[PDB]
Peer 1: 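Just passing along the structure, written as structure tokens.
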Amino acid sequence: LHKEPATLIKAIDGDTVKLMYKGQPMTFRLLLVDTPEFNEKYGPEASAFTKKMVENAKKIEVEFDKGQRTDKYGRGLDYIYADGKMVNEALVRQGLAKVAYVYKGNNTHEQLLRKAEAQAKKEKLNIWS
Ligand SMILES: Cc1cn([C@H]2C[C@H](OP(=O)(O)O)[C@@H](COP(=O)(O)O)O2)c(=O)[nH]c1=O
Ligand SMILES: [Ca+2]
């Protein structure tokens, strides 16, 4: 897979962010994870976590996987990096997202994320508390 440039437009919630990509505004949904909705328990903490990560980043990158690049809503499906750190993984590692929505063909980082989830759960962090 390949990292490509993007710039933040605005944090939306734990697992959706608006970025400019190839010069066009696009809403991106993070591959392989599910954060709680803002209305749910840990939703506000997930939103805040993503928001801090993407806002503080000097460099945002997006990475498509091998499959569908957009979902049925027209959201981009990607891994997003903030100064080289994957948001999708970081959310999981901190118990603020579950590994989820694993579709065959767009699952390159599956086992990386599952490993993070196991550690978050060991530590009983947040969602796993
Ligand atoms: C993460 C992801 C979500 N989706 C779709 C499935 C879900 O459809 P439904 O809307 O019919 O439930 C929805 C979940 O996203 P959200 O968790 O943002 O709601 O997005 C994909 O199609 N591909 C993906 O890789
Ligand atoms: Ca969600």
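The residues of the chain are indexed from 1 along the displayed sequence. Start at 1 and go down the list; that is how both ligands and their atoms are numbered.
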Peer 1: If you group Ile, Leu, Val, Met, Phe, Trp and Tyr by side-chain heavy-atom gaps below 4.5 Å, do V62 and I9 land in one group?
Peer 2: no
Peer 1: Would a single hydrophobic cluster contain both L112 and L31, if residues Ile, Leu, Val, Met, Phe, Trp and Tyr are joined by side-chain heavy-atom contacts under 4.5 Å?
Peer 2: yes
Peer 1: If I take every N, O or S atom of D13, is at least one of them less than 3.0 Å from the Ca ion (ligand 2)?
Peer 2: no
Peer 1: Please tell me whether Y73 and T16 have a donor and an acceptor in their side chains that are separated by less than 3.5 angstrom.
Peer 2: no
Peer 1: Within a strict 4.5 Å, meaning less than it, do heavy atoms of the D15 and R29 side chains meet?
Peer 2: yes
Peer 1: Closest approach of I60 and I80, non-hydrogen atoms and distance?
Peer 2: CG2-CG2, 4.0 Å
Peer 1: Please work out the angle at the Ca ion (ligand 2) defined by atom O of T35 on one side and atom OE2 of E37 on the other, rounded to 10°.
Peer 2: 100°
Peer 1: Please list, by chain and number, the protein residues whose heavy atoms come under 4.0 Å of ligand 1.
Peer 2: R29, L30, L31, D34, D71, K72, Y73, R75, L77, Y101, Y103
Peer 1: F49: which residues meet the ring-ring contact (aromatic ring centres under 6.0 Å, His included) condition with it, sequence neighbours left out?
Peer 2: none
Peer 1: Mind checking the CD-NE2 spacing from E89 to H109? Nearest 0.5 Å is all I need.
Peer 2: 9.0 Å
Peer 1: Can you tell me the N, O or S atom of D34 that's nearest the Ca ion (ligand 2)?
Peer 2: OD1
Peer 1: Looking only at N, O or S atoms in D15, which is nearest to the Ca ion (ligand 2)?
Peer 2: OD2
Peer 1: Sort out for me which residue in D65, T108, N88 forms a side-chain hydrogen bond (donor to acceptor under 3.5 Å, both in side chains) with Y79.
Peer 2: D65
